[PDB]
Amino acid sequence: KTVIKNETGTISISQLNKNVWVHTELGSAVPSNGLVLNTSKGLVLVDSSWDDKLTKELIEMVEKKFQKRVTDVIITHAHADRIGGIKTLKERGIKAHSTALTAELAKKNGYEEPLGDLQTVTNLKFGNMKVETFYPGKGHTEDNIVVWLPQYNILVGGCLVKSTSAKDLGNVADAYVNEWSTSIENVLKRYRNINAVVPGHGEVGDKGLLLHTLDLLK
C-alpha cells in the first residue's frame, strides 16, 4: 500500500483504501496510530498525536495532500497519544468529538476539553463517510471507545486493542484488567465481520488482534 512520510520521518500515512489512511507518529521512540478519512466535506481524523508540534505537522501534511481542510477529530481516550494536540485543534476551529467521560478526564488531567458529545453508540456522517463510535466498557482506560466504518468493516481499536508485536498489556496504571476482556468481547459481539483492525500502536491486523488482546489478559 502507498506510504507517505514527512521530511523528518516522524509522521507517516499509509493507505487502507481510496478514502481511508492510517496516520502514524513517533513520540520520544514510540509510534502511535490513528486514521485519516478523506470525505467530500473535509478530512476527519481519528485521534490527534502526542503533542501540538506533531499534530500541527500531521494536519499540514494531510491538508496539502488531500486539498481540503481537517474539520473534525474523534478522540478515543484521554491519554497524550490521543489527545496531546487538543490545543491545536481548538485554536484552529477543528471540532474535537469525545464522550463526556473522556472530556471529564481530559479536564482532570489538565488538557483542554473536547466536546463531550458522543454517547455509548453514536452514528456520524461526514459527506458520504459513515462513522460509528462505540463505548464497549472499561479496558485500557475507563473511557476508551472504538470507531467503526460500516462501509468498509474497518475497526479502529485504539489502545483497547494490542498489536501482534505487543507481548504484554503495556502501562496498566489506568486500566481495568478484570473488565477489559468483557469489553473486547462486546466489540466482537457488535462487529461480527471485520475486514481490518487498527490498534493504537503497531501494525494493522484483523480480528486476530482482539483475540491476541484476550490472550494477553489471561
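Just count from 1 along the sequence shown to find any residue number.
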>> For the step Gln67 to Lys68, what size class fits the number of deposited residues with no coordinates, none, 1 to 3, 4 to 9, or 10 or more?
In response: none
>> Please compare 125 to 133 with 95 to 103 and name the stretch with the higher mean C-alpha B-factor in the deposited structure.
In response: 125 to 133
>> Mean Cα B factor from the PDB record: higher for 188 to 196, or higher for 155 to 163?
In response: 188 to 196
> From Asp174, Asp168, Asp47, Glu63, can you pick the one with the highest C-alpha B factor in the entry?
Replying inline: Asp168
> For the listed residues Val30, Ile59, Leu37, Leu149, which one has the largest C-alpha B-factor as given in the deposited model?
Replying inline: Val30
> How does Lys108 rank on Cα B-factor within its chain, lowest, middle or highest third?
Replying inline: highest
